[PDB]
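S.K.: Residue numbers (full-length UniProt numbering), protein chains in the order written: chain A, 8 to 98, 125 to 351; chain B, 8 to 98, 125 to 351.
From the three backbone atoms N, C-alpha and C, an ideal C-beta is built for every residue, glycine too.
2 protein chains.
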Amino acid sequence: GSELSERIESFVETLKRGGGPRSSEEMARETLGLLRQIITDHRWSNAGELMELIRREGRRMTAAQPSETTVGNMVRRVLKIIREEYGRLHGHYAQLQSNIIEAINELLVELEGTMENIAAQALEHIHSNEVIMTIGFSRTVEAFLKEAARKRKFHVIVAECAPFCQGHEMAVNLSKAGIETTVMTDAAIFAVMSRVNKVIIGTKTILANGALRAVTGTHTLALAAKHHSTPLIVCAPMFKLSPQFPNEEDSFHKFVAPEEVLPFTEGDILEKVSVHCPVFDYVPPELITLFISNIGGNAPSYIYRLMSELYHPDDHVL
Amino acid sequence: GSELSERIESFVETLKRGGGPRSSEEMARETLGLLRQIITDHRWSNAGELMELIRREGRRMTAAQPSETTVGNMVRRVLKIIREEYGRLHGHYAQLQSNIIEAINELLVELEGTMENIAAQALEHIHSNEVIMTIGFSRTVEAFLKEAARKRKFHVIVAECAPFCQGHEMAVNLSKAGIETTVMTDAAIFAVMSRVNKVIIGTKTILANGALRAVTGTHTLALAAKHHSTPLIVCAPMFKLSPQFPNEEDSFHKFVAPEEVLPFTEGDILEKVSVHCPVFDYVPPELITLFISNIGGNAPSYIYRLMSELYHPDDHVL
Ligand SMILES: O=C(COc1ccc(Cl)cc1)N[C@H]1CC[C@H](NC(=O)COc2ccc(Cl)cc2)CC1
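1) Using a Cβ cut-off of 8 Å, pull out every chain B residue sitting near A:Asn230, in sequence order please.
2) Select from B:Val308, B:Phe223, B:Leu303 and B:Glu92 the residue whose C-alpha is nearest the C-alpha of B:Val232.
3) Please list the partners that A:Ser262 has in chain B, where partner means a Cβ-to-Cβ separation under 8 Å.
4) Which ranges would you report for the alpha helix (DSSP H) in the region 166-249 of chain A if only whole runs of at least 4 residues count?
5) Do A:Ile159 and A:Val189 count as a contact pair if the criterion is CB distance below 8 Å?
6) For a test of the three-state rule: what should DSSP assign to B:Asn280, helix, strand or coil?
7) Might you give, ordered along the chain, the residues of its own chain that have their beta carbon closer than 6 Å to the beta carbon of B:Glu64, omitting 5 neighbours on each side?
8) How do the region 150-157 of chain B and the region 127-135 of chain B stand: do at least 3 beta-carbon pairs fall below 8 Å, yes or no?
9) Taking buried to mean at least 16 other C-beta atoms within 10 Å of its own C-beta, is B:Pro333 buried or exposed?
10) Given 7 Å as the limit, tell me if A:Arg62 has its C-beta closer than that to any heavy atom belonging to ligand 1.
11) Do the region 140-152 of chain B and the region 327-347 of chain B touch if we need at least three Cβ pairs shorter than 8 Å?
12) Using the Cβ count rule (16 or more neighbours within 10 Å means buried), how would you classify B:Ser30?
13) Go ahead and label A:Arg95 buried or exposed: buried means 16 or more other beta carbons lie within 10 angstroms of its beta carbon, across all protein chains shown.
14) Contact check, B:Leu351 vs B:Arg90 under 8 Å by CB: the rounded distance?
15) For a test of your reading of the model: does the CB of B:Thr215 fall under 7 Å from any non-hydrogen atom of ligand 1? Yes or no.
16) Quick one, which of B:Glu304, B:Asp301 and B:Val229 has its alpha-carbon nearest B:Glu163's?
17) Looking at B:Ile222 and ligand 1, is the gap between the Cβ and the nearest heavy atom below 7 Å?
18) For B:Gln44, which residues of its own chain have a beta-carbon under 8 Å away from its beta-carbon, when the five flanking residues on both sides are left out?
19) How do the region 249-266 of chain A and the region 35-54 of chain A stand: do at least 3 beta-carbon pairs fall below 8 Å, yes or no?
20) Does A:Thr38 come within less than 8 Å of chain D when only Cβ atoms are used?
21) With C-beta atoms as the reference, is B:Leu144 less than 8 Å away from B:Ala241?
22) Do you know whose CA, among B:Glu92, B:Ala70, B:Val19 and B:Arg24, lies nearest B:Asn53's CA?
23) Under 7 Å from any heavy atom of ligand 1, does the C-beta of B:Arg185 make it?
24) DSSP on A:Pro311, reduced to helix/strand/coil?
25) Between A:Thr173 and A:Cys268, which are expected to be in contact by the criterion C-beta below 8 Å, what is the C-beta distance as a whole number of angstroms?
26) So, residue 124 of chain A versus A:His261, is the Cβ gap smaller than 8 Å?
27) Mark A:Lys184 as exposed unless 16 or more other C-beta atoms lie within 10 angstroms of its C-beta, in which case mark it buried.
28) Whose CA, out of B:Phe278, B:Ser307 and B:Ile302, lies closest to the CA of B:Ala290?
29) Indicate, with yes or no, if ligand 1 has a heavy atom lying under 7 Å from the CB of B:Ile190.
30) Verify the contact flag: A:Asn331, CB atom, against every heavy atom of ligand 1, threshold strictly below 7 Å.
31) Quick check: B:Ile302 and B:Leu265, are their CB atoms within less than 8 Å of each other?
32) Confirm, please, whether the CB-CB distance from A:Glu202 to A:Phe170 is below 8 Å.
33) For the beta strand (DSSP E) that A:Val267 lies in, which residues bound it at each end?
34) Are B:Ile137 and B:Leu60 closer than 8 Å when you measure CB to CB?
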């Protein structure tokens, strides 16, 4: 009641203001915690009433941060789980609730071992004396690299995503493990791409076409990799996979303050300039070769089957 | 007279039977020796009579081995040299002959230092820790590599041209110099092409389009390099440049016995099979990035200017 609405309002304002928490897996765990806390302390007669309640509570989290699709498609996965439980019990008050409890607990068991399974199958994609190029900062790709370097000796080009230099942290965290890393800017991507053998990047949101949004400037890396014919490896979990079509809804990119691009101390020329800072970008699925999830490697021509197995077509509007 | 026609007949039968001599530079030096010997021991009143005599003597060498264009376009270069001498003396018996003597001597002075100038400018195209892939056997490319390895440390993939494995000699002659070479077949070209940074090949004949014939299977290497966007380096002298257009005349490829592909001890299935062995292939000029001659690096969109500076348009039929 009071604590429920208090924590819901706190989560909504946390998604409205900034990125809280920092890890997307931690935000997914807090999303499952919010959904189990909202189903354990409420009352319903029909399962469709709970479906409408979860939809009404998810619309606010979607309108809080539209660029954060993880809470929205996790709400949609929990909606499909509750729909499948109502379907298997339809062909109902405490038994359905206990089934929802054990299913969301099984979802946390599956979600805690996602990066572990990605690091487990990391060995079948990296050979010795290999030139790797990445962009931005992501825990999945650096875990991939620090597991692949346990038995193999290779090189990683840590290209920074530079609206704000977050890839320096990835370069330092790899060089502490000894991956023989090299730091450059966004302007040397195609200049170094003639020596890059594979492209291993992360993403923020996998779309329904197999398209993906990620840290900005990676569409340029995908174009240079398609020019030089190198395969792209997308190490991405199964909760960044969303049924939002690219040109269907607006607010695709996330815009931040232009201070990180052009500072406030520039002068009188700030009045007559328009400085936009997209921290994301669009990558079409034909520029992608392989997706790496915790269940195995999948093609961009196979994301629709995971969409059918994880999502329901009457929930794509939410 | 007798010794002249004897040596002409010997050179004609040597070009009819096989490849004699083995080096193309040695054959060019013997071509200039044959042309100076045929002009020093004969009589003419007009320069056009000598032009028709050199044309009549060059038609036999062209019909001897049509795949050996070096003697034909060297005869054509000497024809343009004698035409320019007649032009500068037109705006004449011993002075024109002495001018032809000093011009062909200057042509030998320019021809002896071709591979030396290619090895001199070899340094501005090779960097350290580089993956090079070659095909066949050629003295220019191996001289390029053994000069480039005097100050740089890199790797060469010596892919064999395999109607008959001649690239093994190139691999041994490089591994005696320590280039850290690797030997494979023609079937692993696109399999290894995802780690190849540059393609450095030789050629047999540069055509008028900028197209080239070389040791066979290099069109496949050019297609794989165009797929993986690596630049092609053609280390080729300025006497393999000929005005013969690709689709203009017949007998482009040189066919040899099918014994090197399928042996005589195969059995009864040799009666009902057609085994063809082209030891050359066609490479279009859009699959080529850069030509390396002794005067400097030139584009495939610049071969026509060397054609205008070295050849005359009334001599392309010969
Ligand atoms: O050391 C590096 C550093 O790479 C970079 C560092 C920085 C930048 Cl900006 C770009 C690239 N790269 C090595 C990676 C192995 C390669 N190849 C080999 O060592 C051997 O190559 C072979 C050998 C055999 C075959 Cl069949 C194919 C390739 C040499 C260059």
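M.R.: Once the coordinates are examined:
1) Counted from its first residue, the first sequence places residue 230 of chain A at position 197. Going along chain B in sequence order, the residues near A:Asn230 (Cβ under 8 Å) are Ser227 and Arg228.
2) Locating residue 232 of chain B in the second sequence gives position 199, counting from the first residue. Nearest Cα to B:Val232 within the set B:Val308, B:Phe223, B:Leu303 and B:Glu92: B:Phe223.
3) Translated into positions along the first sequence, residue 262 of chain A becomes position 229. Neighbours of A:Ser262 on chain B, chain order: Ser227, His260, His261 and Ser262.
4) Under the rule that a run must span 4 or more residues, the alpha helix (DSSP H) segments found entirely inside the region 166-249 of chain A read 172-181, 200-208 and 222-225.
5) In the first sequence, residue 189 of chain A corresponds to position 156, counting from 1. In the first sequence, residue 159 of chain A corresponds to position 126, counting from 1. Taking 8 Å as the cut-off, the beta carbon of A:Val189 is found no closer than this to the beta carbon of A:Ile159.
6) Position 247 of the second sequence holds residue 280 of chain B. When DSSP states are grouped into helix, strand and coil, B:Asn280 belongs to the coil group.
7) The sequence position of residue 64 of chain B within the second sequence is 57, counting from 1. So no residue of the chain qualifies.
8) No, the region 150-157 of chain B does not touch the region 127-135 of chain B.
9) Locating residue 333 of chain B in the second sequence gives position 300, counting from the first residue. B:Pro333 is buried by the Cβ-count criterion.
10) To locate residue 62 of chain A, count along the first sequence from 1; it is residue 55. Checking every heavy atom of ligand 1 against the Cβ of A:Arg62, none is found closer than 7 Å.
11) Three or more pairs of CB atoms, one per stretch, sit closer than 8 Å, so the region 140-152 of chain B contacts the region 327-347 of chain B.
12) Translated into the one-based positions of the second sequence, residue 30 of chain B becomes position 23. Counting Cβ neighbours within 10 Å, B:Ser30 comes out exposed, since fewer than 16 surround it.
13) Your numbering for residue 95 of chain A matches position 88 in the first sequence. Counting other Cβ atoms within 10 Å of its Cβ, A:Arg95 stays below 16 and is therefore classed as exposed.
14) Here residue 351 of chain B is taken as the residue at index 318 of the second sequence, counted from 1. Here residue 90 of chain B is taken as the residue at index 83 of the second sequence, counted from 1. With a Cβ gap of about 13 Å, B:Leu351 and B:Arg90 do not count as contacting.
15) In the second sequence, the residue the question calls residue 215 of chain B occupies position 182. Between ligand 1 and B:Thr215, a heavy atom-to-CB distance of less than 7 Å is present.
16) By one-based count along the second sequence, residue 163 of chain B stands at place 130. Ranked by how close their Cα comes to the Cα of B:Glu163, the residues B:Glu304, B:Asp301 and B:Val229 have B:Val229 in first place.
17) Position 189 of the second sequence, counted from the start, is the residue given in the question as residue 222 of chain B. The closest heavy atom of ligand 1 lies 7 Å or more from the beta carbon of B:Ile222.
18) One-based indexing of the second sequence puts residue 44 of chain B at position 37. Taken in chain order, the residues that qualify are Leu11 and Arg14.
19) The answer is no - the region 35-54 of chain A does not touch the region 249-266 of chain A, with fewer than three Cβ pairs under 8 Å.
20) In the structure shown, chain D cannot be found, because the protein chains are A and B.
21) Residue 144 of chain B sits at position 111 when you count from the first residue of the second sequence. Residue 241 of chain B sits at position 208 when you count from the first residue of the second sequence. Between B:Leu144 and B:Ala241, the CB-CB gap reaches or exceeds 8 Å.
22) Taking the first residue of the second sequence as 1, we reach residue 53 of chain B at position 46. The closest CA to that of B:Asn53, considering only B:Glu92, B:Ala70, B:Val19 and B:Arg24, is found on B:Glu92.
23) Numbered from its first residue, the second sequence carries residue 185 of chain B at position 152. No - ligand 1 has no heavy atom lying nearer than 7 Å to the Cβ of B:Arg185.
24) To locate residue 311 of chain A, count along the first sequence from 1; it is residue 278. Strand.
25) Taking the first residue of the first sequence as position 1, residue 173 of chain A is located at position 140. Taking the first residue of the first sequence as position 1, residue 268 of chain A is located at position 235. Their Cβ separation, rounded to whole angstroms, is 5 Å, which keeps A:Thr173 and A:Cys268 in contact under 8 Å.
26) Coordinates for residue 124 of chain A are simply not present: the residues of chain A run from 98 and resume at 125.
27) For the purposes of this step, residue 184 of chain A is identified with residue 151 of the first sequence, where counting begins at 1. With fewer than 16 other Cβ atoms within 10 Å, it is exposed.
28) Taking the second sequence and counting its residues from 1, the one referred to as residue 290 of chain B is at position 257. Distances from the alpha-carbon of B:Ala290 to those of B:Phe278, B:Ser307 and B:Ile302 put B:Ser307 closest.
29) Counted from its first residue, the second sequence places residue 190 of chain B at position 157. Yes, since a heavy atom of ligand 1 falls inside the 7 Å radius drawn around the Cβ of B:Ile190.
30) Taking the first residue of the first sequence as 1, we reach residue 331 of chain A at position 298. For A:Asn331, the distance from the CB to the nearest heavy atom of ligand 1 is not below 7 Å.
31) The residue given as residue 302 of chain B occupies position 269 in the second sequence. The residue given as residue 265 of chain B occupies position 232 in the second sequence. Not a contact, by the Cβ cut-off of 8 Å.
32) Taking the first sequence and counting its residues from 1, one reaches residue 170 of chain A at position 137. Taking the first sequence and counting its residues from 1, one reaches residue 202 of chain A at position 169. Yes, the pair counts as a contact, with Cβ atoms nearer than the cut-off.
33) The residue labelled residue 267 of chain A in the question sits at position 234 within the first sequence. In the DSSP assignment, A:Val267 falls within the unbroken beta strand (DSSP E) covering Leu265 to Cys268.
34) Within the second sequence, the letter at position 104 stands for residue 137 of chain B. Within the second sequence, the letter at position 53 stands for residue 60 of chain B. For B:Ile137 and B:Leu60, no; Cβs fall outside 8 Å.
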